[PDB]
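Enquirer: Below you'll find the sequence and an experimental structure to go with it.
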Amino acid sequence: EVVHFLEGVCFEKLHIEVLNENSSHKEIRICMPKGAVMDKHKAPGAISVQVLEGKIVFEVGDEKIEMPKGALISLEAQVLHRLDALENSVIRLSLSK
Amino acid sequence: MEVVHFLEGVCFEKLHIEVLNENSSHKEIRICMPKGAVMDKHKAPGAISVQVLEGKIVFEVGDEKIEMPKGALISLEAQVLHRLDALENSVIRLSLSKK
């Protein structure tokens, strides 16, 4: 019932894992090595992306919003986005139902 | 499509609660907890998600007492009584679900 987003972080490869799940959300952790990129990603439901550690650039549509530690962004279902890690980053993705 | 900054403008003088974002179903809240601050006997209407962005707190529900360091996340069901005690200057992100 208690997950640890900063415990077991590895910056060797791009890691995506489901740490926890309710029928309301899905809690996913993303470890991005510096330089890692996640292009074209499209989520089925609404999502909220927050940088727990590090720094990334979030790109949606035309804008490139740089997200430092603590930045949170919400997207609507079926919206095309991209993630570029400016630093070793740990991201928390909350996928909704 | 909003961009909130949980760690921008953090103050540990007082226990601070702010609604950073709100949509028809969810609610994104920041909680700046000074060291030693308490949030006793709290009852949330919907399901909540509590995660420690900075610092350390203890989450208490019923009889069990979970220590939540930086990065720890916890989910609850609606209508569950809980308590938060800050062991260190902490910034908490709470996700409240409305209906």
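Expert: Perfect, I can see it now. Residues are numbered from 1 along each chain as shown, chains lettered A, B, ... in the order given.

Enquirer: Any residues of chain A in contact with chain B? List them.
Expert: Chain A comes close to chain B at residues A:1-7, A:19-20, A:22, A:24-25, A:27, A:48, A:50, A:52, A:60, A:65, A:67-76, A:90, A:92, A:94, A:96, as judged by CB under 8 Å from any CB of the partner chain. Every residue, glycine included, has its C-beta placed from N, CA and C.

Enquirer: Residue A:91 pairs with what?
Expert: Note on residue A:91: beta-bridge partners by DSSP bridges are residue A:30, residue A:51.

Enquirer: Might one say that it is in contact with residue A:32?
Expert: Yes. Assessed by CB atoms under 8 Å, residue A:91 is found in contact with residue A:32 at 6.5 Å.

Enquirer: Can you tell me the closest non-neighbouring residue to residue A:76?
Expert: residue A:46 (5.8 Å; CB to CB, 6 or more residues apart in numbering or on different chains).

Enquirer: Among the residues of chain A next to chain B, name the ones in strands.
Expert: Of the residues of chain A next to chain B, the ones assigned to strands by DSSP state E are A:2-4, A:19-20, A:25, A:27, A:48, A:50, A:52, A:60, A:65, A:67, A:71-75, A:90, A:92, A:94, A:96.

Enquirer: Quick check: PyMOL command selecting the buried ones in these.
Expert: Remark: buried members of those, expressed as a PyMOL selection using 16 or more other CB atoms under 10 Å in any protein chain shown:
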select buried, chain A and resi 3+20+25+27+48+50+52+60+67+71+72+73+74+75+90+92+94+96
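
Enquirer: residues in contact with the residue lying closest to residue A:3 once chain neighbours are set aside?
Expert: Residue nearest to residue A:3 in three dimensions, not counting chain neighbours: residue A:19, with 4.2 Å by CB to CB, 6+ apart. Residues near residue A:19 by CB atoms under 8 Å, 6 or more residues apart in numbering or on different chains: A:3, A:5, A:27-29, B:73.

Enquirer: Now with 6 Å, please.
Expert: Residues near residue A:19 by CB atoms under 6 Å, 6 or more residues apart in numbering or on different chains: A:3, A:27, A:29.

Enquirer: Fine by me, thanks again.
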